[PDB]
Amino acid sequence: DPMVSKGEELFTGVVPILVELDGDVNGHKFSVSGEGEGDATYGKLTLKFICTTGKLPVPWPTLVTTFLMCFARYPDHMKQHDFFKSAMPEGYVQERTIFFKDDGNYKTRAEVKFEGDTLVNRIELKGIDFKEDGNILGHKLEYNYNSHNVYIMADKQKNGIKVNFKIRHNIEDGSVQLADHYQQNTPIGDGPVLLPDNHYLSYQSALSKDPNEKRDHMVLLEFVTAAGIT
């Protein structure tokens with residue numbers, strides 16, 4: 001299938017990644033830069049993010065979802081459902097609203113696309129209605145991350161897809177902070193894309209620190225595998 005060959009073929013080996021995020025949450029401004037590489041053959045991403053403006057004003061775990069579904073490992077039987085690769089190299093727009101239960105919300109807009117041989121994720125994030133002393137602005141979330149399936153559905157009417165899902169961030173008291181994610185992706189280009197059958201991506205994420213890094217940062221390792229079409 002000459003469509004499956006093209007976007008897919010961009011993803012065959014190790015691809016370098018660049019991430020740039022400008023954030024403003026309750027008027028707390030911040031910028032984040034990320035570098036790393038994805039290997040979609042194994043569903044694997046390795047990234048390191050740096051707050052280049054000083055202290056990150058929100059917990060790192062809260063940004064994990066915002067900081068590359070084109071690096072999902074689609075099994076062979078499922079290649080005709082890989083929206084993300086099919087939009088490349090011209091890329092796609094990923095938008096979200098993330099509702100933190102009993103606290104504020106993030107609204108995100110990202111463009112994911114190739115710049116030469118680099119896969120680039122450019123992000124704007126706005127956070128409003130946060131409690132100065134809540135779980136987020138009050139830095140009460142633990143530095144860890146639970147595994148989660150993400151359920152993808154087509155949005156034919158927008159030539160794109162819709163994703164809805166919940167993350168539960170561990171609070172330091174042992175409780176959980178719910179973060180209800182609503183997502184919409186649309187291709188950047190005018191060409192055909194693969195509009196998928198309902199399926200899900202399975203995510204595992206591991207958060208660590210670079211022992212030699214003194215800036216505020218996060219090391220992220222993610223394995224992501226499409227399933228649900230047997």
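Excluded from the calculations below are hydrogen atoms, water molecules and symmetry mates; all remaining heavy atoms, backbone and side chain alike, are included. Just so you know, residue 1 is the first one in the sequence shown, and it goes up from there.
Between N105 and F100, every side-chain heavy-atom pair lies at or beyond the 4.5 Å cut-off.
Under a hydrophobic clustering in which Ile, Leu, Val, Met, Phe, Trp and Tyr are joined whenever their side-chain heavy atoms come within less than 4.5 Å, directly or via other members, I152 and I229 fall into the same cluster. By the rule that hydrophobic residues join a cluster once side-chain heavy atoms approach within less than 4.5 Å of another member, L68 and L221 end up as members of separate clusters. When hydrophobic clusters are built by joining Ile, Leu, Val, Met, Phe, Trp and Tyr residues whose side-chain heavy atoms come closer than 4.5 Å, directly or via intermediates, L194 is not grouped with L119.
Among pairs with a residue in residues 193-217, those fulfilling salt bridge (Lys or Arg N to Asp or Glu O under 4.0 Å) read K48-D210, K48-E213, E213-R215, at least two apart in sequence or across chains. For the side-chain hydrogen bond (donor to acceptor under 3.5 Å, both in side chains) condition, the pairs that include at least one residue of residues 218-230, sequence neighbours left out, are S205-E222.
To the nearest 0.5 Å, the span separating OG1 on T46 from CG on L220 amounts to 8.5 Å.
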Go through the steps to decide whether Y145 and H169 satisfy the test ring-ring contact (aromatic ring centres under 6.0 Å, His included), and finish with yes or no. CA-CA 7 Å; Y145 215 95; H169 291 297; 5.7 Å; yes

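Within a 6.0 Å radius of CG in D117, no more than 12 heavy atoms belonging to other residues, nucleotides or ligands are found. Other residues, nucleotides and ligands contribute more than 12 heavy atoms inside 6.0 Å of the CG atom of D173. Around atom CD of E142, more than 12 heavy atoms belonging to other residues, nucleotides or ligands sit under 6.0 Å away.
Side chain of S86 to backbone of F83: a donor-acceptor contact under 3.5 angstrom is found. Remark: side-chain polar atoms of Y143 are not paired, donor with acceptor, to backbone N or O of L207 under 3.5 angstrom. With hydrogens and angles disregarded, a donor-acceptor distance shorter than 3.5 Å links the side chain of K140 to the backbone of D133. For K6 (side chain) and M88 (main-chain N/O), a donor-acceptor pair under 3.5 Å exists by modelled atom type. Not a single donor-acceptor pair under 3.5 Å links the side chain of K162 to the backbone N or O of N185.
Residues satisfying the ring pair (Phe, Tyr, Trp, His ring centres under 6.0 Å) criterion with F11, sequence neighbours excluded, are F71, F114. For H148, the ring pair (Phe, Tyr, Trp, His ring centres under 6.0 Å) criterion is met by no residue, not counting sequence neighbours. Residues that satisfy the ring pair (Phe, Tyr, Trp, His ring centres under 6.0 Å) test with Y182, not counting sequence neighbours, are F99.
Tested against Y106, the residues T65, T62, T66 include a single side chain to side chain donor-acceptor pair (under 3.5 Å) partner, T62. Of the residues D82, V15, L10, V112, the one that meets the side-chain contact (heavy atoms from CB on, under 4.5 Å) test with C70 is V112.
If you look at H28 and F130, their ring centroids are not closer than 6.0 Å. The distance between the ring centers of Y151 and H199 does not fall below 6.0 angstrom.
The pair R109-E95 meets the salt-bridge criterion, with a side-chain N (NZ, NE, NH1 or NH2) lying under 4.0 Å from an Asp/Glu carboxylate O.
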Please set out all donor-acceptor pairs under 3.5 angstrom arising from side-chain atoms of residues 31-45, sequence neighbours excluded.
unit_1	atom_1	unit_2	atom_2	d
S31	OG	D22	OD1	2.7
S33	OG	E20	OE1	3.0
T41	OG1	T12	O	3.2

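Under the 30°/60° scheme for interplanar angles, the aromatic rings of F84 and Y74 are found to be tilted.
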